[PDB]
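Asker: This is the structure I have questions about; it appears just below.
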Number of protein chains: 2
Amino acid sequence: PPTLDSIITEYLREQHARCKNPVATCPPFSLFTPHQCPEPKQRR
Amino acid sequence: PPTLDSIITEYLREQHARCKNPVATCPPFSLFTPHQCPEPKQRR
């Protein structure tokens, strides 16, 4: 059987799969806000 | 902000999107087991 540790982990990963240009060592997530990986906004 | 009612609802729906031939009035789900929509096994 699964635990809520595994359920919330899979819930974030299915939201992490919407990231254009995803990362590997991600920051700690925030369940109260959406999760968007940092897209390239070219300043230089 | 979201509630766990909305989180577990979206978790099942992202698992319901793997259904070959999904349904509309689905049965009540079971969080402890996987969810597979009934595929056609032709008997007749």
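Read the figures in this text as sums done on the coordinates, not as results from a lab. Virtual Cβ from ideal backbone geometry, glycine too; neighbours counted across all protein chains shown.
Asker: Could you check, for region B:1-14, whether at least one of its residues is among the small types (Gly, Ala, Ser), closer than 29 Å to A:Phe32 by Cα and part of a loop (DSSP other than H, G, I, E, B)? Spell out how you get there, then give the answer.
Answerer: Filtering region B:1-14 down to residues among the small types (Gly, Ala, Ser) leaves B:6.
Those left that are additionally closer than 29 Å to A:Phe32 by Cα: B:6.
From what's left, part of a loop (DSSP other than H, G, I, E, B): none.
No, the conditions are met nowhere in region B:1-14.
Asker: For region A:1-14, name all the residues that are within 16 Å of B:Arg13 (Cα to Cα) and within 9 Å of chain B (Cβ to nearest Cβ).
Answerer: If the condition is that a residue be within 16 Å of B:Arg13 (Cα to Cα) and within 9 Å of chain B (Cβ to nearest Cβ), then A:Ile7, A:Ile8, A:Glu10, A:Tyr11, A:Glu14 are the ones that fit.
Asker: Could you grab me the full set of residues in region A:7-29 that are under 13 Å from B:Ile7 (Cβ atoms) and among the hydroxyl-bearing types (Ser, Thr, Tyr)? Give the derivation first.
Answerer: From region A:7-29, those under 13 Å from B:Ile7 (Cβ atoms) are A:7-12, A:14-15, A:29; that's our starting set.
Passing the criteria: A:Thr9, A:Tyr11.
Asker: Kindly indicate the residue of region B:15-44 that is surrounded by 11 or more Cβ atoms within 10 Å (Cβ to Cβ) and polar (S, T, N, Q) and also nearest to A:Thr33 (Cα to Cα) among those meeting that condition.
Answerer: B:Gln15
Asker: Working only within region B:15-38, note down all residues that are within 8 Å of the chain's Cα centre (by Cα) and within 11 Å of chain A (Cβ to nearest Cβ).
Answerer: Listed by number, the residues that qualify are B:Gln15, B:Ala17.
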